J.: 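Below: one structure in structure tokens.
Quick note: residue numbers are just sequence positions, from 1. Whatever order the structure lists ligands and atoms in, that order sets their numbers, starting from 1.
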Amino acid sequence: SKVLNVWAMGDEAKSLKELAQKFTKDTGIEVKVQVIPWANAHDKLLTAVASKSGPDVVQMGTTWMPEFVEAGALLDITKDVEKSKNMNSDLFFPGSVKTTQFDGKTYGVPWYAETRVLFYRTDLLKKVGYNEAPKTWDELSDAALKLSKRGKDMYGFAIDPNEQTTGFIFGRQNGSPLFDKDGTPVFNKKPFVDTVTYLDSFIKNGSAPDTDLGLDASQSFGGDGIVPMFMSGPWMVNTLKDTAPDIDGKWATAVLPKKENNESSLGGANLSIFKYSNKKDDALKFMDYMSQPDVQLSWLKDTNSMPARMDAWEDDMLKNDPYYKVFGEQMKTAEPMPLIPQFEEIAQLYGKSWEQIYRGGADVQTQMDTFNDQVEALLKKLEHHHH
Ligand SMILES: OC[C@H]1O[C@@H](O[C@H]2[C@H](O[C@@H]3[C@@H](O)[C@H](O)[C@@H](CO)O[C@@H]3O)O[C@H](CO)[C@@H](O)[C@@H]2O)[C@H](O)[C@@H](O)[C@@H]1O
Ligand SMILES: [Mg+2]
């Protein structure tokens, strides 16, 4: 009734819950935090739109901002944040801000940022003649295959078939804009087709698993390094520091290997107010409280998470930590996924087409033709609804 309902996601939700207790002590505003896995959160959000009932404050994945702004689900808080000391846009990285601003209006406040980098076993790489991380597509491919030739049940790299960013990150790296100047999708043109060919090459030559082996990171990346390289974000630095003592000083991160460029994705999450909330004032206090820079830095540093706020990267410990150095370097050129309202549907269509390739053995060009037509059909639909 007067309890403030917050929907949060992943491991970061634990930090939000703990900080919500100081909030309630200082304000008397009781808070109830619902934790939703990232793999269910999209369904849950769609349901809340359709029924017009949901939380008061919602953690929003950056890639879903366009969709839910479009759907009328997030409150225009432009007036409230442009004035605040701790929620004004100019504190945050412009890539993070692009995920909150649509048609001159602001629909949330960046809570944390992330980008994806290469994780690698330094000892295993040296064993196959690499004293440094692979720095090119050709190097990554070469090192992976040398690593998978150690033996049966031993690989060189992983491609996560459920990761929305992967195909698109590599596509940009090979010069594909994903969508051309007109918004026409170009997944069936050569830059993207050769991208998918390249990713599939790891699966076909046995350097990347073609199924879920069911191992946690410590069992796959640690020990003798069944999977000795992979791509992920800050949350995995945290995980590996806590769960893989056996490989202390035998792994590192590095910026992504380059093809035409080594651009990564820019993600993370925003805090937003659900447009149908009857506790808008309370929600905004909670947002403001969660944006105090010291409060933020406390949990971000603890978790090796990347701040979306710029002056936070001036902190002595962030500047000098080797994991933050690599993240910070990668973030310089990281770009959000296409900030379009059908992003998730498109990423799930990619997933299906990827699976047809890597598991079904479909032809890449033929599958990309099919995929691109699917995407064109979706975009044309949206345009008819708009015009
Ligand atoms: O796609 C939604 C949202 O994800 C945000 O990444 C968070 C990450 O979640 C990943 C999933 O997005 C991904 O589908 C699966 C695929 O195997 O793997 C991850 O779980 O979880 C981390 C730990 O909670 C978060 O730090 C991370 O933010 C992404 O940042 C965001 O831009 C995107 O909208
Ligand atoms: Mg092998």
J.: Under a 4.0 Å threshold between the charged nitrogen and the carboxylate oxygen, would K32 count as salt-bridged to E30?
T.: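 Not counted as a salt bridge, because no side-chain N and carboxylate O are separated by less than 4.0 Å.
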
J.: Please tell me if the side chains of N86 and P293 come closer than 4.5 Å, counting only heavy atoms from C-beta onward.
T.: yes

J.: Run the numbers for me: atoms of ligand 1, each under 4.0 Å from some heavy atom of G267, listed by number.
T.: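 Checking each atom against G267, I get 30 (O), 32 (O).
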
J.: CG of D248: more than 12 outside heavy atoms within 6.0 angstrom?
T.: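 No, because the 6.0 Å sphere around CG of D248 holds 12 heavy atoms or fewer from other groups.
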
J.: Based purely on interatomic distance, does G268 place a nitrogen or oxygen under 3.5 Å from a nitrogen or oxygen of ligand 1?
T.: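 By distance alone, the answer is yes.
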
J.: At under 4.0 Å between heavy atoms, is it the side chain or the backbone of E344 that contacts ligand 1, or both, or neither?
T.: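 Looking at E344 and ligand 1, no heavy atom falls under 4.0 Å.
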
J.: Provide, to 0.1 Å, the distance between atom 24 (O) of ligand 1 and the closest protein heavy atom, together with that atom's residue and name.
T.: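 Heavy-atom neighbour on the protein nearest atom 24 (O) of ligand 1: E12 OE1, 2.6 Å.
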
J.: Any protein heavy atom sitting closer than 4.0 Å to atom 28 (O) of ligand 1?
T.: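 Yes, there is a protein heavy atom closer to it than 4.0 Å.
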
J.: At a non-hydrogen distance cut-off of under 4.0 Å, which region of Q164 contacts ligand 1 (side chain, backbone, both, or neither)?
T.: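 The part of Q164 near ligand 1 is the side chain, not the backbone.
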
J.: Have a look at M306, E163, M236, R116 and point out the one with the heavy atom closest to atom 6 (O) of ligand 1.
T.: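 Residue with the shortest heavy-atom distance to the ligand atom: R116.
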
J.: If you count every heavy atom of other residues, nucleotides or ligands that lies below 6.0 Å from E355 atom CD, does the total exceed 12?
T.: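 Counting neighbours around CD of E355, more than 12 heavy atoms of other residues, nucleotides or ligands fall under 6.0 Å, so yes.
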
J.: Relative to ligand 1, is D160 under 4.0 angstrom through side chain, backbone, both or neither, heavy atoms considered?
T.: side chain

J.: Is a salt bridge present between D56 and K279, judged by a nitrogen-to-oxygen distance below 4.0 Å?
T.: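 Yes.
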
J.: Side chain or backbone of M65 under 4.0 Å from ligand 1, or both, or neither, by non-hydrogen atoms?
T.: neither

